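Comments concern the structure below.
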Amino acid sequence: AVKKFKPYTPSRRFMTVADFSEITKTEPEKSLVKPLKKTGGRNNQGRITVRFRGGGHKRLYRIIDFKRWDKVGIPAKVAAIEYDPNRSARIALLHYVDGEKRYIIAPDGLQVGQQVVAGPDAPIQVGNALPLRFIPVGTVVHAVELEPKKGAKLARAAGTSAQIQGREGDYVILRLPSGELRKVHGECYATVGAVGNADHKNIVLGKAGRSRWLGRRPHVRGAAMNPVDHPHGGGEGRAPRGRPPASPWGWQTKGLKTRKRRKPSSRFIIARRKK
Amino acid sequence: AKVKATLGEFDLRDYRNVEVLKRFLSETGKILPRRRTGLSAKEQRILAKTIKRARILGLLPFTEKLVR
Amino acid sequence: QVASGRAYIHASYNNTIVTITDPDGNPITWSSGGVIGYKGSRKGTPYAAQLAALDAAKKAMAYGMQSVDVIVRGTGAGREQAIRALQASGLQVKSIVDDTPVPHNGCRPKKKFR
Amino acid sequence: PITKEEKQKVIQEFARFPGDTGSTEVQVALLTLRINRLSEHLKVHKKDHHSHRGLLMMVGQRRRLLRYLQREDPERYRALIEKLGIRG
Amino acid sequence: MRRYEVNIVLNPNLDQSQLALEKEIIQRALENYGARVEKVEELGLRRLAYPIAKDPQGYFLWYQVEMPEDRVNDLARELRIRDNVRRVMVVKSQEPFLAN
RNA sequence: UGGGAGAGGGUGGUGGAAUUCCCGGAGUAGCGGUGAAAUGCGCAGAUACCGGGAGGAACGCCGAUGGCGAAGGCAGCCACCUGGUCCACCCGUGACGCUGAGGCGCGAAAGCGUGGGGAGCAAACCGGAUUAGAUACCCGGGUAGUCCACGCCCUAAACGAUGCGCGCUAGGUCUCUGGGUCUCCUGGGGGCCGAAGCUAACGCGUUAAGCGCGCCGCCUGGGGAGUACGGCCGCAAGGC
Ligand SMILES: [Mg+2]
Ligand SMILES: [Mg+2]
Ligand SMILES: [Mg+2]
Ligand SMILES: [Mg+2]
Ligand SMILES: [Mg+2]
Ligand SMILES: [Mg+2]
Ligand SMILES: [Mg+2]
Ligand SMILES: [Mg+2]
Ligand SMILES: [Mg+2]
Ligand SMILES: [Mg+2]
Ligand SMILES: [Mg+2]
Ligand SMILES: [Mg+2]
Ligand SMILES: [Mg+2]
Ligand SMILES: [Mg+2]
Ligand SMILES: [Mg+2]
Ligand SMILES: [Mg+2]
Ligand SMILES: [Mg+2]
Ligand SMILES: [Mg+2]
Ligand SMILES: [Mg+2]
Ligand SMILES: [Mg+2]
Ligand SMILES: [Mg+2]
Ligand SMILES: [Mg+2]
Ligand SMILES: [Mg+2]
Ligand SMILES: [Mg+2]
Ligand SMILES: [Mg+2]
Ligand SMILES: [Mg+2]
Ligand SMILES: [Mg+2]
Ligand SMILES: [Mg+2]
Ligand SMILES: [Mg+2]
Ligand SMILES: [Mg+2]
Ligand SMILES: [Mg+2]
Ligand SMILES: [Mg+2]
Ligand SMILES: [Mg+2]
Ligand SMILES: [Mg+2]
Ligand SMILES: [Mg+2]
Ligand SMILES: [Mg+2]
Ligand SMILES: [Mg+2]
Ligand SMILES: [Mg+2]
Ligand SMILES: [Mg+2]
Ligand SMILES: [Mg+2]
Ligand SMILES: [Mg+2]
Ligand SMILES: [Mg+2]
Ligand SMILES: [Mg+2]
Ligand SMILES: [Mg+2]
Ligand SMILES: [Mg+2]
Ligand SMILES: [Mg+2]
Ligand SMILES: [Mg+2]
Ligand SMILES: [Mg+2]
Ligand SMILES: [Mg+2]
Ligand SMILES: [Mg+2]
Ligand SMILES: [Mg+2]
Ligand SMILES: [Mg+2]
Ligand SMILES: [Mg+2]
Ligand SMILES: [Mg+2]
Ligand SMILES: [Mg+2]
Ligand SMILES: [Mg+2]
Ligand SMILES: [Mg+2]
Ligand SMILES: [Mg+2]
Ligand SMILES: [Mg+2]
Ligand SMILES: [Mg+2]
Ligand SMILES: [Mg+2]
Ligand SMILES: [Mg+2]
Ligand SMILES: [Mg+2]
Ligand SMILES: [Mg+2]
Ligand SMILES: [Mg+2]
Ligand SMILES: [Mg+2]
Ligand SMILES: [Mg+2]
Ligand SMILES: [Mg+2]
Ligand SMILES: [Mg+2]
Ligand SMILES: [Mg+2]
Ligand SMILES: [Mg+2]
Ligand SMILES: [Mg+2]
Ligand SMILES: [Mg+2]
Ligand SMILES: [Mg+2]
Ligand SMILES: [Mg+2]
Ligand SMILES: [Mg+2]
Ligand SMILES: [Mg+2]
Ligand SMILES: [Mg+2]
Ligand SMILES: [Mg+2]
Ligand SMILES: [Mg+2]
Ligand SMILES: [Mg+2]
Ligand SMILES: [Mg+2]
Ligand SMILES: [Mg+2]
Ligand SMILES: [Mg+2]
Ligand SMILES: [Mg+2]
Ligand SMILES: [Mg+2]
Ligand SMILES: [Mg+2]
Ligand SMILES: [Mg+2]
Ligand SMILES: [Mg+2]
Ligand SMILES: [Mg+2]
Ligand SMILES: [Mg+2]
């Protein structure tokens, strides 16, 4: 669910917040957190290289496990489900019988107290991890590796999920959350289910301040600038674009494709995203 | 030429009796009407329901091409 | 070159098309009301279909066709005549089966079909 | 559904006398049983409205009888809706 | 607890060892889902009316069973979990209806 | 207590036929559509044909003059959860009944909100024809919507244009579903023709519009008008 407010201030009228129903532990596992080096959007030159960033709430980075083939055959109990400020999804605390504790992204349906496991033999049940080739075609899956032993790269955002469409040789065919049809390697691990917190997108920030909390500084339109600043800049009074609409750096921004043509991974993408 | 006559005591509810049932289908695969099967009102429903069950089980066709 | 093969008849209210294939199902040649030389409404006529199946048989015989199996689809007014033309053509007609696609209440039809 | 045994356990617990069936007490208790079963079914199946009618009819029925018993025997009424946990 | 009639269709082109393997998962599954087997009829192969998974043949199994009511559906789901298992049809058991 | 019939309702699964798109093979000069045409599609390889894949939607034969529900309405198949109802036995309760101003719920289609989905179909819209014109009827396209979830709307030729319950007043025939002894008898539904009687007539006639009792709703010339004002409901459209 999402939680609405009564309109006792102009902003609380439209503001909505997460329900936090699935959360069972409001404290991070101390040995799994490290400080998050905030950037402000600036690179090693001190130069802003992504605009309009900074001033967000301080965060502690949780160390998440995106390999999971790291501990094949050793089951684990789901001790708690926690809030993670560095992602849209929720995270699950895993207490391995091994005695090791690691975080995974919390799938939808994952119950606190239940047990999960990784490996070619794993039961096809929510929260288990297997190479793609050992997962039944048609079952939905998340946290998918793109290449073997390189870590979960696909379907990690709240509510996302990939789906297996069929097999072809060493590779299997996934339909990524964007709808793109892609061949991913059979040995790539993935975790069955969809990501939890699917309600994430129905949140209405509600006021200028909330975006500021999220480290999102105000964004300024090209049209509201000057000819030095932006292609859309200047003009007496208000003004339309007067040219094909562009980024501050000059390139066209309505329709213009940007994926590199001669990219080697083209051979593995079957159907570019719908819509 | 009513099919109900040309058979002995048989179970309508029996969906695995492919040999009995196949007599109740037309040459084109369609379930035969009462005017051809000789079943009463009540019997027809039991027959129809089990014929459909069998079709799912691969024992009976959903359709067959019309030869001349 | 193939001796035995298939004879497909797509005959609708507006036209009749005939295609001769190999036993694997690969077309060898085809004809229709347009191929014989007619246009407009005249394509749907029985006489059009007669010429169609023939030109479909004639070209077929020229590639070694001897035996055919006639598969029929469509309920056109030129249908049965197409069948006539294939028999009297010099082809074997080892069988004739109607295989018109009929849904089990699938997609909603256009307005003119309700 | 409600199992034959459970029905009897209820039938027996509210019988005025060992041979008793269909009396006010038995009637109400049986109704109360179907009601609380249905009440649960409809809590999950919020969209099953055709059955809600039955629920209402039952609820209507149980109500009419309790009014009868209360009219005839106040002690026996106030003891029944207490031993079933009803009035509210 | 109620009486049902589990039908199962398996890949005909398996060997007997593979064939047995599937049966092993099956027979344990029934046990795990409270299904106590009664009668049983393994009619082996059979010619199908239409291809199933692009295959003219189908290997038939059949089990009269007694399991809890509320557990039948999940069993059916677990039964279909195999790639060689191609059809699972559980049916409420019913006394025959006789004609003539 | 014991038994039955059924597209009654809800959730989860699941099967094949067909349409569309996509990939491959093979193949060539048109295909499509109509009263006849044209727009359109096609040598940049279409149609027609075979193989594969993807996706949505509706369930052909059975199917009925049939069944079920209070109405709206409900149809492949399976399972679970669940309502109503009929029969037989004649065991239990002892008038506990009927109706029902308000209230409450349910309420086809279209329509609205948020998020999915989107094959076919298709308001709006574009084009081709027809035509005096054609903001239409026909043809080629086509977006909402049609589908799912949750929440709104609450209208109708929501009709049997026939409120509910009950008693009494010839029968003949077709049908569905129970119980007997099964020739047939006896219940409960679905039609038809009809005694008596009703009715302005048409027609109704044990499924009354017959003869009677009870309760509710409603009518009081046509238009103005289901409009106005007020009030209540709705996000709005709008409803009462
Ligand atoms: Mg939630
Ligand atoms: Mg709010
Ligand atoms: Mg508040
Ligand atoms: Mg509130
Ligand atoms: Mg305020
Ligand atoms: Mg305000
Ligand atoms: Mg959140
Ligand atoms: Mg938050
Ligand atoms: Mg909250
Ligand atoms: Mg939450
Ligand atoms: Mg802290
Ligand atoms: Mg530390
Ligand atoms: Mg330390
Ligand atoms: Mg860091
Ligand atoms: Mg950092
Ligand atoms: Mg540095
Ligand atoms: Mg420097
Ligand atoms: Mg420096
Ligand atoms: Mg940038
Ligand atoms: Mg910045
Ligand atoms: Mg989080
Ligand atoms: Mg948003
Ligand atoms: Mg949004
Ligand atoms: Mg922040
Ligand atoms: Mg922004
Ligand atoms: Mg701005
Ligand atoms: Mg300025
Ligand atoms: Mg400057
Ligand atoms: Mg300059
Ligand atoms: Mg410039
Ligand atoms: Mg400018
Ligand atoms: Mg300016
Ligand atoms: Mg200036
Ligand atoms: Mg200007
Ligand atoms: Mg300016
Ligand atoms: Mg100026
Ligand atoms: Mg100006
Ligand atoms: Mg300006
Ligand atoms: Mg301005
Ligand atoms: Mg300008
Ligand atoms: Mg300009
Ligand atoms: Mg790559
Ligand atoms: Mg049987
Ligand atoms: Mg034509
Ligand atoms: Mg009752
Ligand atoms: Mg009371
Ligand atoms: Mg399977
Ligand atoms: Mg009973
Ligand atoms: Mg092609
Ligand atoms: Mg094909
Ligand atoms: Mg019909
Ligand atoms: Mg008695
Ligand atoms: Mg007495
Ligand atoms: Mg009443
Ligand atoms: Mg009222
Ligand atoms: Mg409605
Ligand atoms: Mg609607
Ligand atoms: Mg809308
Ligand atoms: Mg909508
Ligand atoms: Mg809007
Ligand atoms: Mg939408
Ligand atoms: Mg569309
Ligand atoms: Mg026009
Ligand atoms: Mg014109
Ligand atoms: Mg004009
Ligand atoms: Mg049109
Ligand atoms: Mg169209
Ligand atoms: Mg619109
Ligand atoms: Mg809209
Ligand atoms: Mg609109
Ligand atoms: Mg109606
Ligand atoms: Mg009507
Ligand atoms: Mg009626
Ligand atoms: Mg009216
Ligand atoms: Mg009137
Ligand atoms: Mg009334
Ligand atoms: Mg009988
Ligand atoms: Mg009758
Ligand atoms: Mg009459
Ligand atoms: Mg008279
Ligand atoms: Mg009178
Ligand atoms: Mg007269
Ligand atoms: Mg009569
Ligand atoms: Mg009646
Ligand atoms: Mg009158
Ligand atoms: Mg007047
Ligand atoms: Mg007046
Ligand atoms: Mg009004
Ligand atoms: Mg109105
Ligand atoms: Mg007003
Ligand atoms: Mg009204």
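Listed values, structure above:
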| item | result |
| --- | --- |
| First in segment A:209-233 and more than 14 Å from chain D (Cβ to nearest Cβ), second anywhere and among the aromatic types (F, W, Y) and away from ligand 6 (no atom under 16 Å from the Cβ), Cβ under 7 Å, 6 or more apart | A:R216/A:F52; A:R217/A:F52; A:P218/A:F52; A:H219/A:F52 |
| Residue within segment A:81-95 that is within 16 Å of ligand 19 (Cβ to nearest atom), outside any loop (DSSP other than H, G, I, E, B) and either within 14 Å of chain E (Cβ to nearest Cβ) or more than 21 Å from the chain's Cα centre (by Cα) (or both) present | no |
| Options E:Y33, E:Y4: the member that is more than 22 Å from A:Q125 (Cα to Cα) and among the hydroxyl-bearing types (S, T, Y) | E:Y4 |
| Single unsatisfied condition, E:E5 versus (1) within 10 Å of another protein chain (Cβ to nearest Cβ); (2) without any contact (Cβ under 8 Å) to a residue 60 or more places away in the chain; (3) surrounded by 15 or more Cβ atoms within 10 Å (Cβ to Cβ) | (2) |
| Number of the condition not met by E:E78 [criteria: (1) of a type outside the set (S, T, N, Q); (2) within 12 Å of the chain's Cα centre (by Cα); (3) more than 30 Å from B:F10 (Cα to Cα); (4) more than 14 Å from every other protein chain (Cβ to nearest Cβ)] | (4) |
| Elements of type helices (runs of 4 or more DSSP H) in chain C, at least 2 residues being more than 16 Å from ligand 38 (Cβ to nearest atom) and either closer than 25 Å to B:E64 by Cβ or within 14 Å of chain B (Cβ to nearest Cβ) (or both) | C:79-87 |
| Tally of residues being away from ligand 34 (no atom under 15 Å from the Cβ), among the aliphatic types (A, V, I, L, M) and assigned to a loop (DSSP other than H, G, I, E, B) across segment A:235-257 | 1 |
| Selection within segment A:110-162 - β-branched (V, I, T) and more than 14 Å from the chain's Cα centre (by Cα) | A:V112, A:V116, A:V117, A:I124, A:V126, A:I135, A:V137, A:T139, A:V140, A:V141 |
| Selection status of E:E31, within 14 Å of chain B (Cβ to nearest Cβ), out of contact with any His (no Cβ under 7 Å at 6 or more places or on another chain) and not in a strand (DSSP E or B) | no |
| Test: residue in segment A:227-236 that is within 30 Å of A:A129 (Cα to Cα) and either within 16 Å of ligand 9 (Cβ to nearest atom) or buried (at least 20 other Cβ atoms within 10 Å of the Cβ) (or both) | no |
| Options A:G166, A:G99, A:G179, A:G127; residue that is under 26 Å from E:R77 (Cα atoms) and in a loop (DSSP other than H, G, I, E, B) | A:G127 |
| Search result, residues across segment E:83-97 that are out of contact with any strand residue (DSSP E or B) (no Cβ under 8 Å at 6 or more places or on another chain) and either within 14 Å of chain B (Cβ to nearest Cβ) or surrounded by 13 or more Cβ atoms within 10 Å (Cβ to Cβ) (or both) | E:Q94, E:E95 |
| Filter result (away from chain E (no Cβ under 11 Å), acidic (D, E) and crowded, with 16+ Cβ neighbours inside 10 Å) within segment B:10-56 | none |
| Hits in segment A:3-23 (condition: free of Cβ contacts under 8 Å to residues at least 60 places away in the same chain and either within 16 Å of ligand 20 (Cβ to nearest atom) or in contact with a strand residue (DSSP E or B) (Cβ under 7 Å, 6 or more places away or on another chain) (or both)) | A:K3, A:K4 |
| Odd one out for E:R82 among (1) in a loop (DSSP other than H, G, I, E, B); (2) charged (D, E, K, R); (3) under 26 Å from B:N17 (Cα atoms) | (3) |
| Helices (runs of 4 or more DSSP H) lying entirely in chain B (those with 2 or more residues that are over 28 Å from C:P101 (Cβ atoms) and not aliphatic (A, V, I, L, M)) | B:41-56 |
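Virtual Cβ from ideal backbone geometry, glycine too; neighbours counted across all protein chains shown. Every number in this text was worked out from the coordinates using simple rules, so none of it is lab data.
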